[PDB]
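Residue numbers (the entry's author numbering), protein chains in the order written: chain X, 123 to 181, 183 to 283; chain R, 58 to 82, 92 to 99, 102 to 110, 117 to 138, 207 to 226, 233 to 280, 294 to 350.
What follows is a short report on a single structure.
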Amino acid sequence: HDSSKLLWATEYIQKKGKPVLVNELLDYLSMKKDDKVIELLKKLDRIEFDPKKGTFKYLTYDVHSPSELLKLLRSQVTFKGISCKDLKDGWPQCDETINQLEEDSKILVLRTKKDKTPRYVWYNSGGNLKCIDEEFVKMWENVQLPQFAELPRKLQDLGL
Amino acid sequence: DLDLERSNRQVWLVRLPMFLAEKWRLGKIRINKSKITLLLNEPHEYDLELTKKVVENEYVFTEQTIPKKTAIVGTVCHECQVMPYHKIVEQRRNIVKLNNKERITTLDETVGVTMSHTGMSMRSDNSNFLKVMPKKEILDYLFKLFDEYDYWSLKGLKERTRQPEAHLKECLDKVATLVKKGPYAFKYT
Numbered sequence: 123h124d125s126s127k128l129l130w131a132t133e134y135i136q137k138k139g140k141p142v143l144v145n146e147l148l149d150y151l152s153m154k155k156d157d158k159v160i161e162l163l164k165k166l167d168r169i170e171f172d173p174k175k176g177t178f179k180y181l183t184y185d186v187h188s189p190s191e192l193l194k195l196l197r198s199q200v201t202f203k204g205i206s207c208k209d210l211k212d213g214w215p216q217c218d219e220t221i222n223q224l225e226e227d228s229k230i231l232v233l234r235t236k237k238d239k240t241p242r243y244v245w246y247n248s249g250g251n252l253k254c255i256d257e258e259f260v261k262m263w264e265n266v267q268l269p270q271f272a273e274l275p276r277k278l279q280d281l282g283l
Numbered sequence: 058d059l060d061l062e063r064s065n066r067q068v069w070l071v072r073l074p075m076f077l078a079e080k081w082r092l093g094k095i096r097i098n099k102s103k104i105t106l107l108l109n110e117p118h119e120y121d122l123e124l125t126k127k128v129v130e131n132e133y134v135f136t137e138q207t208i209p210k211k212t213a214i215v216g217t218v219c220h221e222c223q224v225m226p233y234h235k236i237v238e239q240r241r242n243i244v245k246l247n248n249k250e251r252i253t254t255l256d257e258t259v260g261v262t263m264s265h266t267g268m269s270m271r272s273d274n275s276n277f278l279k280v294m295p296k297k298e299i300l301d302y303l304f305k306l307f308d309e310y311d312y313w314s315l316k317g318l319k320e321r322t323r324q325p326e327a328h329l330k331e332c333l334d335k336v337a338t339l340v341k342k343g344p345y346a347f348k349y350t
């Protein structure tokens, strides 16, 4: 089949990771000297094809800078969210930038430090607030709220 | 296509004793003008009583929603009943009241043999009952299976290609997309 040569050609040009000449791409694939693979590659928007010489661009996301990361975050407010694969494939080692992007400049959820950490891509404002002492958090969870209308009465007796 | 043949035929119904009836399962009837008998072949003669003289609304038919072939025989003419060396028949009737069953058999052995066959006896079985890779070539074969049919489950592909399954999974995660829902659920296309 020629479709296996198409997907093998796309996986090969993804193994290269940089734009090369079309004729050089046909020479690297040895027996893949078909033009229908080149045409189906022109029909494919996953690997953008520049008509100037031989250039093959790769999209998931063009985000590789913290600013582009902030913009891609702003394009997810009141919607959904992507995953970690697209960012780590578009830019190597994103977790380092996440650790450098302090206070809601890049958030995640640390689950396990043994399974590449399934990430998260959302934005707010501060989010840090780790200066709150653990003792104050323990004293915050031990407070049992008076349910029903007892709480407003207990607050109106104190004057708040 | 049910059709009445005649019905004009006159038939007599007979309630026979069990030994002669099971024997019938030939004789000569002697009609004596209001008492009639029967001279069987050597053997007894039998008086047959006029059980019911008038016997209307009773007929006889034969069979050759599901309709079947139905034929009509004849009208019932007289209800009858055969009445019966009678001492031998009376003795046979007394003799039928002697049916018995076999009692439970007591095994007389030295017990230790049977008790050895009960639990563990170092003897099992003896009866059958309720006993009950290059990635490129694999990719090409997968595209051949796609040529046969685009939709196939991954387990079925693992049952058709017949090879180590890890390499086949890696070959399916590159060129094929896994649909999890819909009618083609758990299938690569």
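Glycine included, every Cβ here is placed at the ideal spot set by N, Cα and C.
Quick check on residue i: does DSSP put it in helix, strand or coil?
i: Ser314/R; result: strand
i: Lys239/X; result: coil
i: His328/R; result: helix
i: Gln279/X; result: helix
i: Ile135/X; result: helix
i: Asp60/R; result: strand
i: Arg66/R; result: strand
i: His220/R; result: strand
i: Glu119/R; result: strand
i: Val336/R; result: helix
i: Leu107/R; result: strand
i: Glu130/R; result: coil
i: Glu170/X; result: strand
i: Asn98/R; result: strand
i: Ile299/R; result: helix
i: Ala78/R; result: helix
Would you call residue i buried or exposed, if buried means 16 or more other Cβ atoms sit within 10 Å of its Cβ?
i: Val159/X; result: buried
i: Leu122/R; result: buried
i: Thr266/R; result: exposed
i: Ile221/X; result: buried
i: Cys217/X; result: buried
i: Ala131/X; result: buried
i: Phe307/R; result: buried
i: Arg321/R; result: exposed
i: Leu107/R; result: exposed
i: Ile135/X; result: buried
i: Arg242/X; result: buried
i: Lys316/R; result: exposed
i: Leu143/X; result: exposed
i: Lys348/R; result: buried
i: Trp313/R; result: buried
i: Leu246/R; result: exposed
i: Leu163/X; result: buried
i: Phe259/X; result: exposed
i: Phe76/R; result: exposed
i: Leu196/X; result: buried
i: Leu255/R; result: exposed
Round the Cβ separation of residue i and residue j to the nearest angstrom and send it over; I've been treating them as touching at under 8 Å.
i: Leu129/X; j: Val340/R; result: That pair is no contact at about 17 Å.
i: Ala213/R; j: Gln138/R; result: 6 Å
i: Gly216/R; j: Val68/R; result: 5 Å
i: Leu181/X; j: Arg168/X; result: 6 Å
i: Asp157/X; j: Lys127/X; result: With a Cβ gap of about 12 Å, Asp157/X and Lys127/X do not count as contacting.
i: residue 114/R; j: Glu221/R; result: Regarding the residue in question, residue 114/R is not represented: chain R runs 110 and then 117, omitting everything in between.
i: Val128/R; j: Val218/R; result: Wrong, their Cβ atoms sit about 11 Å apart, outside the cutoff.
i: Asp172/X; j: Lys165/X; result: About 15 Å; that fails the 8 Å criterion.
i: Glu146/X; j: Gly176/X; result: 7 Å
Using a C-beta cutoff of 8 Å, does residue i count as contacting chain X?
i: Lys316/R; result: no
i: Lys330/R; result: no
i: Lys348/R; result: no
i: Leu339/R; result: no
i: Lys279/R; result: no
i: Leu333/R; result: no
i: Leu306/R; result: no
i: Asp311/R; result: no
i: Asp273/R; result: no
When the cut-off is 8 Å and only beta carbons count, does residue i lie next to chain R?
i: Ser206/X; result: no
i: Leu166/X; result: no
i: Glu133/X; result: yes
i: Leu163/X; result: no
i: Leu129/X; result: yes
i: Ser152/X; result: no
i: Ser198/X; result: no
i: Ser248/X; result: no
i: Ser228/X; result: no
i: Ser125/X; result: yes
For chain C, find out if any of its Cβ atoms is closer than 8 Å to the Cβ of residue i; answer yes or no.
i: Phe76/R; result: Among the protein chains in the structure shown, which are X and R, there is no chain C.
Inset, instruction - State whether the segment 237-255 of chain X contacts the segment 200-212 of chain X, with contact taken as three or more CB pairs (one from each stretch) at a distance under 8 Å. - result: In this structure the segment 237-255 of chain X lies against the segment 200-212 of chain X, because at least three pairs of beta carbons, one per stretch, are closer than 8 Å.
Inset, instruction - Count the C-beta pairs between the segment 217-236 of chain X and the segment 248-264 of chain X that are closer than 8 Å, then say yes if the count reaches three, no if not. - result: Yes, since at least three Cβ pairs between the segment 217-236 of chain X and the segment 248-264 of chain X fall closer than 8 Å, the two stretches touch.
Legend entry - At least three beta-carbon pairs within less than 8 Å, the segment 294-303 of chain R to the segment 317-330 of chain R: Put simply, the segment 294-303 of chain R touches the segment 317-330 of chain R. At least three CB pairs are less than 8 Å apart.
Inset, instruction - Specify whether the segment 185-196 of chain X and the segment 206-220 of chain X touch according to this definition: at least 3 beta carbon pairs, one from each stretch, less than 8 Å apart. - result: Contact annotation: the segment 185-196 of chain X touches the segment 206-220 of chain X, with at least three C-beta pairs closer than 8 Å.
Legend entry - Meets three-Cβ-pair contact criterion under 8 Å: the segment 234-252 of chain R and the segment 269-276 of chain R: In short, these stretches do not touch, since the Cβ pair count stays below three.
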